[PDB]
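Notes follow the structure.
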Amino acid sequence: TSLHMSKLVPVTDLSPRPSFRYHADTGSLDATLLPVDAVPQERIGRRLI
Amino acid sequence: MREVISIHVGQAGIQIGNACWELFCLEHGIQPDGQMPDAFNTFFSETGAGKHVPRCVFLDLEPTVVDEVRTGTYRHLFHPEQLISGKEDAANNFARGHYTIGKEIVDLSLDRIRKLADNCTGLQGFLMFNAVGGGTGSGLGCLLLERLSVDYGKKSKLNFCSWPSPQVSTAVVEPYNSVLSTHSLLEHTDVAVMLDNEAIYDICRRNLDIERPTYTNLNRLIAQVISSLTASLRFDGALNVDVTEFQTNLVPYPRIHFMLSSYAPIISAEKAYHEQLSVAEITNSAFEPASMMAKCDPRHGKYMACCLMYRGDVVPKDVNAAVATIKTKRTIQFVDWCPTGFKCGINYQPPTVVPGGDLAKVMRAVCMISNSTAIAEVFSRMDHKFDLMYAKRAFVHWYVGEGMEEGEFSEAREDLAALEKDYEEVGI
Ligand SMILES: Nc1nc2c(ncn2[C@@H]2O[C@H](COP(=O)(O)OP(=O)(O)OP(=O)(O)O)[C@@H](O)[C@H]2O)c(=O)[nH]1
Ligand SMILES: [Mg+2]
């Protein structure tokens, strides 16, 4: 059987395949206390001589 | 932000684009493939893994002169449909360029200019380069102004002409293509810089001391003109000037928008290191009435405005001293409705050195885009050729054959006649 000998809980308990990858997730620029995170920045301007 | 689109038309347009886009490539560090080993935004883009595509359209009805950039090293630099070509050349015929065979290539030119404008976040100008002495540069180039002035109305359209020289033509129907193409550069052009080949020949003869220069050497100096023109759009300086301020502090009443160029740290390495090329000496050679890039003497005309673009290790105290000594000389004169007539602009970037070309290493530069009433003689010399040819109806069967009525010859001469009449009227 697949049930336990005294607790009658499924011991095999399986692992159905995730149909998608459920991937590429989230995480946001937001970091906990609602500001912005520190990614590297840019300059987008004329050359700073 | 800070983008400008250059629009080359005519065979001289491709060759002047081969030197100008070359100089823009070095002046931001782009290798011949298109990869740097954001000052570049006016001229190039960013296409992922370091690719840098120029913002240009090379437009010609004859494939031969646009094929040499398609088969040389720079097929891989330019995007391969930014080099729009055709089948038959307009063949020194303003009628062919503007009415007959330019009206099938004009679709691909406007479609590509639109695509080159959709990736812009604030576009300053259209630096159109052409040569009004021939076919597709006089024809299709004119029609491209008609289409550009109606879809991009607020947009400013700078235009570097290559107006016919007095005694050197390399074309005999050239007076027809010059006079008939004034209206594109009078009502659909906001800045009309007038250049000619002889004045570059003279500068190359006495300053660079190349006795026997080629068109590729003529494209050297005109490349230096646009680098100093768009200097403030790309690198920082004490005083900056953008193309909105070239067409404001220089251009008087709107029909008068015809300016002349004079770069003048022109020197080569045998002379260069012997003299001080400081601010005073380079600006006296700039105002010298033999270094004009027009074959047009300013000593019989009145300076309405001047735009000095000092470019290098130039201190502003020396700029204000240099504008004083050019203002105290009687041989240089100004119109009475001009108490202030200079828009000085300094770029901190040194002039880009020329390995293997013709110039030398100079620490500072100067270029003038000055509007004067002396420019009322570059069209009077071409009046005499037009009236002499059209008196006997010479060469006009080639024009009328593709659908160019005989009427337009008369009011193109009349339009230039009102252009002349407008120029001595300002100088009263
Ligand atoms: N600055 C400069 N001018 C050039 C160059 N090549 C030709 N020209 C000038 O262009 C003028 C005539 O125009 P074309 O060379 O015929 O070019 P285009 O406008 O395409 O005319 P077509 O080829 O007949 O359609 C001549 O007076 C030449 O002096 C060049 O490489 N640099
Ligand atoms: Mg041509």
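Numbers in chain B track Swiss-Prot; the residues on display, in order, are 1-37, 47-437.
The deposited model was determined using electron microscopy, 3.3 Å.
Cβ atoms here come from the backbone N, Cα and C positions, even for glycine.
According to Swiss-Prot, the active site annotation covers B:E254. Neighbour list (B:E254 (active site), Cβ cut-off 8 Å, at least 6 residues apart, same chain): B:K352.
Counting only same-chain residues six or more apart in sequence, the Cβ atoms lying under 8 angstroms from the Cβ of B:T145 (GTP binding site) belong to B:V9, B:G10, B:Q11, B:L68, B:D69, B:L70, B:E71, B:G95, B:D98, B:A99, B:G106, B:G111. B:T145 (GTP binding site) carries neither a helix nor a strand DSSP state and counts as coil. Residues or ranges marked as GTP binding site by Swiss-Prot on the basis of similarity to another entry: B:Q11, B:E71, B:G144, B:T145, B:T179, B:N206, B:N228.
Residues or ranges marked as Mg(2+) binding site by Swiss-Prot on the basis of similarity to another entry: B:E71. According to DSSP, B:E71 (GTP binding site) sits in a coil region rather than a helix or strand.
Every protein chain shown contributes to the tally, and the Cβ of B:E71 (GTP binding site) ends up with 19 other Cβ atoms within 10 Å. In this structure the residues listed as binding GTP are B:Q11, B:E71, B:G144, B:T145, B:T179, B:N206, B:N228; their two most distant Cα atoms lie 22 Å apart. Checked against ligand 1, the recorded positions B:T179, B:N206, B:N228, B:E254 give B:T179, B:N206, B:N228 in sequence order as having a Cβ less than 6 Å away from one of its atoms.
Selection of the binding-site residues B:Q11, B:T179, B:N228 by a Cβ distance under 6 Å from ligand 2 yields, in sequence order, B:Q11. The Cβ of B:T179 has fewer other Cβ atoms within 10 Å than any other of the binding-site residues B:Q11, B:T179, B:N206, B:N228. Under the three-state DSSP scheme, B:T179 (GTP binding site) falls in the coil class.
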